[PDB]
Structures are given as C-alpha cells and as structure tokens.
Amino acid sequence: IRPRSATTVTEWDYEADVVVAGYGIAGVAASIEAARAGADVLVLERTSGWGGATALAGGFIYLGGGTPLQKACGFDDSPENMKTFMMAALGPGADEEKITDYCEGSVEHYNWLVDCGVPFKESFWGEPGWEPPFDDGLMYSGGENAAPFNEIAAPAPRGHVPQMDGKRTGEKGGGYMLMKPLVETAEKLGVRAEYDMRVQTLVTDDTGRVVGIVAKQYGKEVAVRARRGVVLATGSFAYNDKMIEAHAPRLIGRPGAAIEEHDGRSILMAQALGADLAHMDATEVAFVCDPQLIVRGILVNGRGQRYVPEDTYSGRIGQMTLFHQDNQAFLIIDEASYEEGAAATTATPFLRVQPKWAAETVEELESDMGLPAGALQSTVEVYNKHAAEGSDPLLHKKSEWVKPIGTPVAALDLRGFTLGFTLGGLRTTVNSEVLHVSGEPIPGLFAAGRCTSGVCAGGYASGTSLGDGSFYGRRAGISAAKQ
C-alpha cells in the first residue's frame, strides 16, 4: 500500500494523460470530461466490465434548483432551497462549501446528463415507496415533504430517475440507464479501458506528485503512467471488515452495499500519502419493509413508543431505527389499513412483510408482543386522541396519513430490518483534488464517488451517491486533464 517510487519502475505497461481507476459513475463522468478537454484517457477496471454498483442501483440522481424535469412536473425549487434542505438533512457537520457548489451547479448538471443521452420521463410519482414502480422520472427521495424538513425548506422532489423499463435493483437497475449513455459518450470520445485491472498502489516521484499506479492484471504486476493525473473512482469501503469495525461499526453484520470490490483500497492508497478523511462513520441505512404499509400504521420502538413520522423517507426511518432505537421496531397497523397498504402500488411488493401478531384489542397485542402493561396501550390511546382530529403533534406525520388505529390490530416484527453502506472517505475539494492533512492538494491525485466524502456527512437521501459521484466525477476529469 506504501507508494512506489517512480525511479524504481523499470517499464510502463500502459501510459495515458488521465488514468481513471474504476469504471462506475464517478469514473465514467471523469473520463468524459477529461476526453472532452483533449486528454488521452485510460480507465482501469477491476472486473471484466463497466458499471460497478452504479449499474445495479435504483437510478435516483439527487438534483434540483429548478431542473426542466421539476418544472415540467410543476415543482418550484432553487439552489438556495435545495442547499437549506441538504444542510439540515445530510449532516450534522455537512460540508457547506461542497453542498453549496453542488446546488448551484445542479440544473447545469441535469442538462449535462441529458446532453450525454440520459433519458428522463417528465412525470412524477407521488406515492410512498423506495422507487417509482413505473418509468417516471421524478420522486421525493429524501424526506423533503415530511417532518422535520418540510418546515425548514420548501418541499421539492429531487429524485431524478432515468427512463427505463423492467428495472431490477441489484441486477440491472435504473442506474444502468445512467451508465449506458455515459459509456457510449466516453467511447465515442476515444476513452480507452483495460479490464481485470486491480489497482494496488500509487506511484510518486521525488516531489511527492502522483505520476501513475501499480496494478495486478491477468495475473501479473503492471505499471500504468499518468502524465497529468490519477482519478480514484473505485468505490467505498463497505466490504472491508477491518475498516467497518474501525470506522463504521454500526454496519457490523448488516452489509447492504452492492458489490464486493468496494474494499476501501483507494482510500488506503491515498492515506499512505497523507490524504485526509472525513465522516468515516457516515452510513446509508435501508429498512426492508414496504413504505405503503409503513405509512398506514405507527412505528414503535422496543418500549412501545413512537419515534419517527411514518411518512418520511424510509432511509431516514432506517437510520432512526438503527442509530437511535437499538435496531428495534414494530409496525402497529389495523387490519383494514394493512389490507389497503398491501394492495397499494409499489416497486417492492417483495417487501410486504406479513404481521407476526394479530389481536382483537391493543391490550392483547401488547401482551402478545411481550411489552409491559400500558406501554403500547398508552401510545395508541394518545395517538388516537389526536388522530381523531387529523393531528400528529408528537411527530408531525402529515394529516393525510393520520387517523385513529382501529381493530382488529396487527404488529409486524421489524427488529433487525436494517442494512447499509458507507458514505465516508477521502476529503476532496470542489474540484475533486484529494486533500493532504496539510490542507493542500496532493499533486496529480483526484477522486470522486464513494471513495470520497461527498455531499452526505451523516443523513442520507436517495440519489446523492449517483448525484455527487457524477457531479464530482466531472470535476475530477476536468482537474486531472489540466496541464
């Protein structure tokens, strides 16, 4: 992992101006910009093909500030409104400079993606869910239209989803229709790619400038020269057990990341040179129950208490559950509401969890669940008193979802229903320069995507990873191509 001295490299197996490690969203975006800038670009990919986790993703791209898609669907937004939301939802300690920059450039970036051939359907999906069930292009994806954020920023949907039929998250998701047009764009520009390239270490000259990389390819060690810059775009550390334990131990035993090639190698390679890190504890957290069920009941913790409005982003529900409720949750829902939720339109019918317990009364359900006498009964009594007035003054679930819980009543066992992926990584500038602990860029070294700390510092919103990976991938390619 220690840097290799350039003087010890006897021959270069490959050479380029800009060397991109990793052919996912950050890598392809970097390659497009570097090639447009006139640089000779070589992408090094560890597997046999392009796509990475990106090609398996739902396809959300977190964009706003007044995109043509938002306007076509009739949703106002501005860079200031977007920034206000993101600072509140994606912290604490979110990078204000980076978020401001991301927001100010968001409409341009949407247009840039469209220009590269990424298609979006100008239609909005408005029901609770993890993704649009159909080929709709816009959806709320961060809890913008739920408490607490709906009183902090004006709600605006920012989940932009490329148009694709038969989307299968985990196999060939909506993320594929982000990747494919970008790859086509890069290929037409003359971007070169080498596969089975497992990048291992950076090569530095005697000034400390990164001037290439060492990799294993087809069973042998190879050296690849980078005349202008190396872009690290190899993904996260989610599958590195040592790093999960040291940095993000809330994910021990509950991995959710898409691919095992996310082993943190590029983070470590850069740290070897003195590169800085940020928010290494930050984790996306999913909650594997269908949102159409969740929104029609109340979530209670292990003490039978409500703790989150049931109409917020289900990722936020995941974080609140894992982080603050010791991963213990139950959905309390009346039979009629369960039936309605189970019939509602969803992209994830396989997440329609069946109730574990069902009873004629809350008193019986409470005993059945092993909760102390009164713990659940009182929660439901207070909820129902206010819900009869369409009010949730405790958690501010929107009135449209608020009504008394009736009988018979059921409980879903949602203990241990979370899993997630890492959001922390290398510290980078808005120009995607990797920062040394000195606060200065490491010459020749750039990075984007989930090997970096991006817009998310703590909270997560769907689309922020493909969003910041593509946005800062562009910036890395521009910076790397400079002479």
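Residues carry their position along the shown sequence, with the first being 1.
Annotation for 473-481 versus 1-9: the higher mean temperature factor (C-alpha) is found in 1-9.
In this entry, 246-254 shows the higher mean Cα temperature factor of the pair 274-282 and 246-254. Highest C-alpha temperature factor among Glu151, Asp326, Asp413, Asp311 per the entry: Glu151.
The entry lists C-alpha B-factors for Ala89, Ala193, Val161, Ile405, and the highest of these is at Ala193. Per the deposited record, the Cα B-factor of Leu189 falls in the highest third when ranked against the other modelled residues of its chain. When the CA B factors of the chain's modelled residues are split into thirds, the value for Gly458 lands in the lowest one.
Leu419 sits in the middle third of its chain by CA B factor, as recorded in the PDB entry. Looking at the C-alpha B-factors along this chain, the one for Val382 belongs to the lowest third. For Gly51, the recorded CA B-factor ranks within the highest third of the chain. Only modelled residues enter the ranking.
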